[PDB]
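Data block below; observations after.
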Amino acid sequence: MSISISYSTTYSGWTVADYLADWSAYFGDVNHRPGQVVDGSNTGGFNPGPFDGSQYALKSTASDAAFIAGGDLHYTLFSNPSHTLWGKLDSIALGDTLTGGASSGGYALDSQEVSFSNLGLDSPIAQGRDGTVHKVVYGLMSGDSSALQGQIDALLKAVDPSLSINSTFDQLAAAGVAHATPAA
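Under the authors' numbering, the first residue of the sequence shown is numbered 1, with each subsequent residue one higher.
Written out as structure tokens, the structure is:
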């Protein structure tokens, strides 16, 4: 299945690039870096976990913003290549107010704004932090969605050259790629 995008009608006239740029500024930088990682503050979590899961999810420390990365994800922690998130990234869901976790049978967003699915991204452990999956997710954690933007852009252009991250969600819905959900 090719890339599918779900969006609240609230963002119908926003370009994907503007939405993501503004969302990352709103989520901010959790400062997930050497000497600055604090359990339960800026780590996020895996479902099932502890270091691998079908979901990785993280709440903003600056706001109610949160994201859920979906697929088949793995984190190396201290083992070479250290601090690498790798595996399959199938989806990114962006919104407010993270709920759930491993014990609930999954993370969710109370106010999901936008989701990108069927991303088809797959990065091997041996690529380390140069892997696309790593860069996309760490980008989000650190207030820079450029890697995510770049991957969405490539996927959209591969569906049709008239589609890009500078398309509005409505324009992408006109092409059958994006699908509106009610404004909550």
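Idealized CB from N, CA, C, for every residue including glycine.
According to DSSP, residue i sits in a beta bridge with which residue or residues?
| i | result |
| --- | --- |
| residue 104 | Residue 104 pairs with nothing; no bridge assigned. |
| residue 65 | 96 |
| residue 132 | Note: residue 132 sits in no beta bridge, so no partner. |
| residue 137 | Beta-bridge pairing links residue 137 to no other residue. |
| residue 114 | 7 and 94 |
Can you tell me whether residue i is buried or exposed? The criterion is at least 16 other CB atoms within 10 Å of its CB, across all chains shown.
| i | result |
| --- | --- |
| residue 149 | buried |
| residue 115 | buried |
| residue 1 | exposed |
| residue 126 | exposed |
| residue 151 | buried |
| residue 40 | exposed |
| residue 224 | Residue 224 is absent from the structure shown; the chain starts at 1 and stops at 184. |
| residue 103 | exposed |
| residue 105 | exposed |
| residue 24 | buried |
Which residue wins for smallest C-alpha separation from residue i, given the options the options?
| i | options | result |
| --- | --- | --- |
| residue 77 | 34, 41 and 54 | 34 |
| residue 179 | 161, 20, 7 and 125 | 7 |
| residue 113 | 66, 94 and 166 | 94 |
| residue 61 | 55, 91, 97 and 92 | 97 |
| residue 70 | 58, 79 and 89 | 89 |
| residue 57 | 132, 172, 131 and 108 | 108 |
| residue 3 | 130, 119, 131 and 123 | 119 |
Using a Cβ-Cβ cut-off of 6 Å (strictly less than) and excluding sequence neighbours within five positions of residue i, which residues of its own chain qualify?
| i | result |
| --- | --- |
| residue 87 | 72, 73 and 74 |
| residue 128 | 81 and 84 |
| residue 166 | 15 and 17 |
Among residues of its own chain, excluding the 5 on either side of residue i, which ones have a beta-carbon nearer than 7 Å to its beta-carbon?
| i | result |
| --- | --- |
| residue 53 | 46, 47 and 73 |
| residue 13 | 168 and 170 |
| residue 164 | 153, 156 and 157 |
| residue 184 | 8 and 111 |
| residue 26 | 63 and 65 |
Here's a check: name, in chain order, each residue in its chain whose Cβ is nearer than 8 Å to the Cβ of residue i, leaving out the five neighbours to either side.
| i | result |
| --- | --- |
| residue 59 | 44, 65, 66 and 98 |
| residue 162 | 175 |
| residue 159 | 2, 3, 175 and 177 |
| residue 135 | 129 and 147 |
Q. For the 8 Å Cβ check, are there 3 or more pairs between the segment 18-26 and the segment 139-159?
A. yes
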